[PDB]
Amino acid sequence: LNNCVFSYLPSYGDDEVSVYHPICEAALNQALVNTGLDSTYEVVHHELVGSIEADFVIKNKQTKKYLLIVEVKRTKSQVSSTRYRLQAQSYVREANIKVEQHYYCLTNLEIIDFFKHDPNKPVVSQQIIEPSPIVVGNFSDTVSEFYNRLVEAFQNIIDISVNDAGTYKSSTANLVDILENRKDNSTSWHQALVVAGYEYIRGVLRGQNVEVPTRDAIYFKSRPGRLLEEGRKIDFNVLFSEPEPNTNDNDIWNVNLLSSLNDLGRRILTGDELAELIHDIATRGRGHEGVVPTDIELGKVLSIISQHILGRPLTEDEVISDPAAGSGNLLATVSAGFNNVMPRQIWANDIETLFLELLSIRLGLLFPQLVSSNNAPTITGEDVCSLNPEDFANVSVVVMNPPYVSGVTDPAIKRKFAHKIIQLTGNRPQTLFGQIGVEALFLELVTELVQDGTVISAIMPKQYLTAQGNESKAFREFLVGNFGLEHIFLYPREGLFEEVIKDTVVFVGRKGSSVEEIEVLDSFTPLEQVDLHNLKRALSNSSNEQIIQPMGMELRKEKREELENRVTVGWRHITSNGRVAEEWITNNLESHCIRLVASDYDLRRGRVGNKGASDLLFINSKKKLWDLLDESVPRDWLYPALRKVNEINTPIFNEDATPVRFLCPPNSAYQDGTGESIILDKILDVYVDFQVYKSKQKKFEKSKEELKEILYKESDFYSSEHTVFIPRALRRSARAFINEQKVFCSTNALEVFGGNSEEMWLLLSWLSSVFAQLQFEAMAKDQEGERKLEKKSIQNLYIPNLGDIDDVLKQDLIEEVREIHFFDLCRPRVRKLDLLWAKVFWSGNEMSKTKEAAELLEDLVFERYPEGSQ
């Protein structure tokens, strides 16, 4: 009977996992029972698929293959969004051979969109399957009717998937086609959007009991000028402008397509569907791109933060602006969070004129009860460098996801922004130093353009927080200057093939202010899990003394003086990433480990080559000397050596690991009469002559007698079998190695010794894991550039209790070392070695705790050394 156990339907602001997921899960299960497919298929919540986690999969019990992937979102605008449709599609691409059928689904429960991934036709809107979009209802509906309809829709979708009976929606496809062919013709592009938009707008508005002109577009086919006038009576001036459609248009006067668009409007009741569809096609000369991909969850949080920095109500004359509006998603989301805004207070601008219509459509239908011929958003298609302070006079809040170009700045773009800033301020840009990015110039230009007190919220690459180039230094100077930084928001973002990523940040300023303490807001939780009601109240209750933390987040305060004085070095000190990692290590690793210093092992800095004559000790390190000497040195006098920690690149430190050699003559080479002493005399002779050759005065004083003694001494600093070596300085590779035979090590590495073969290989296996590396990055929480750790800090590393690993596993752990290289710290990946080690610490859950360490490591490394991720 579909008996519902739920008392309420969600609110858009409810935590997705806590509130939406149980409803969706109960419905999927019921759908399997109703059709009797529960004998064959199971519902799995949070299914790990490669490096990502799916909200729901319908999974075959016997084969473990995927019938259907279901991704849940909170809002209708999210379901319409190409970004989130690509995220859902990604699960099918990541599952590949584990797939039964290529069907996937995106839903906020109110609306279900149903798709079939086809690798030979990857464009999302080409993949919508009939009868999407399925309108289940609205969250203000009676729960039981709504729940029943949810169950029936899932039943339909499951039946179609299991039989591979899906059919691609043709109208969507026909409209995509029409627009793709008009992309390079602004006249016909616009003409198509006039007709299509008229029909879609009328559907959205009629479904919401808003009065619309009663005649359908096709009625005006012979008099299209009338279509323009009929549209203007609703609003959307920039859409309902010239040029008129042509009567002779071979594509747009199609009853089927036009009805379909009107119906689509009736179904969605939002401007989002059509706007996203247009944006996909228009944004094909990409880019067009900005700092982050579409993030509606972020936009919702930004809205709350903006209002809190504003610190007062927005009056009726005050405007909310996005000067590089793009798709309109961010402006639409942020605007919607201001109760009582009028359509006339929203201003969207973008240089790309192909976005004009879609911006009109999205933002005009945003407030469907209010939009009219006298009350509509302003939509402009101007380069920011053409705008003037007067254009921003009424602007009280700016939000932006500024243009970003992942590569090398176009100098003509650079110049165009710089001149405009010079013109406005009389001075060069505060940000234009080093290898400038357009995003910083854009932000600075907008800042100069607005009035004091204007709230400016900008999404920026996180590198700006922590990087040490002159461009990041100048940027932080800008932030605590004119920009009037008040708030820093740190959050995790979602990627196509990566669950969480901390590579972006939000900077919120109030122009011309100089607040004493700057807010730092850190979300430990993905933004979909943030209860928006809790956050609203946490920010506005946080008085002077008592700082109230929102759930899954920490709010802290930093003194401006501290950021001002730490502008060259960076603001890494403000992030919590190092603290949580220290906590994670303590709650998960410490009980089963001991500190290296407590253990039986000895620690010692590499001894070789500390007291000069490096070029002789490492006979083959210098090419010109070696071109001379190579024919003169017996191969068995050469021992594998470490000078620069860089030259090894493998866990096994032997002759095959490195070409670098140390010169160790045998004992008989030092006594007189033998042939060995002869061989050595020859060598030293040629060495002396080359030192002359290199000398400007053709002089070298030091005798063979002395060189003999140095070589004899340094020979005694060899490293015993099964030493494990720790580089003192690393950039990007997780480096640790072991030797099997006698080697020589420079001062550039730390030596660990004392154990036996097995104890030593196990320690190497540990050092090669994400867990040991995590600990290193934690000790280095206050560093930039290379990670430099000496005996002092490494003494304190936690190493696993020897008597805690089972003998089979010990054998698996050592073995695994034999089949790895050095993992990339900027992009760690969970692998057998880590999972193996995970068995020592956890029964629940190996994968998920190993996946956490990996993510924490990645985030810490991104702070210390960004460039490895670009």
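Residue numbers run from 1 along the displayed sequence.
*Asks:* Looking at the entry, does 227-235 or 793-801 show the higher mean C-alpha B-factor?
*Replies:* Higher of the two, by average CA B-factor, is 793-801.
*Asks:* Which has higher Cα B-factors on average according to the PDB entry: 177-185 or 735-743?
*Replies:* Looking at the record's C-alpha B-factors, the answer is 735-743.
*Asks:* Highest Cα temperature factor in the entry, among the options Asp383, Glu242, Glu276, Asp600: which one is it?
*Replies:* Among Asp383, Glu242, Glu276, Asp600, the PDB entry lists the largest C-alpha B-factor for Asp600.
*Asks:* Sort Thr172, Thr82, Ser695, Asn256 by C-alpha B-factor from the entry and give me just the highest.
*Replies:* If I rank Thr172, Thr82, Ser695, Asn256 by C-alpha B-factor, first place goes to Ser695.
*Asks:* Of the three thirds of its chain by CA temperature factor, lowest, middle or highest, which one includes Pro640?
*Replies:* For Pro640, whose C-alpha B-factor we compare with every modelled residue in the chain, the answer is the highest third.
*Asks:* How does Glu486 rank on Cα B-factor within its chain, lowest, middle or highest third?
*Replies:* According to the entry, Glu486 has a C-alpha B-factor in the chain's middle third.
*Asks:* Ranked by Cα temperature factor within the chain, is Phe56 in the lowest third, the middle third or the highest third?
*Replies:* Within its chain, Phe56 is a lowest-third residue by C-alpha B-factor, going by the deposited values.
*Asks:* Among the modelled residues of this chain, does the Cα B factor of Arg344 put it in the lowest, middle or highest third?
*Replies:* For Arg344, whose C-alpha B-factor we compare with every modelled residue in the chain, the answer is the lowest third.
*Asks:* Which third of the chain does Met847 land in by C-alpha B-factor: lowest, middle or highest?
*Replies:* Top third by C-alpha B-factor.
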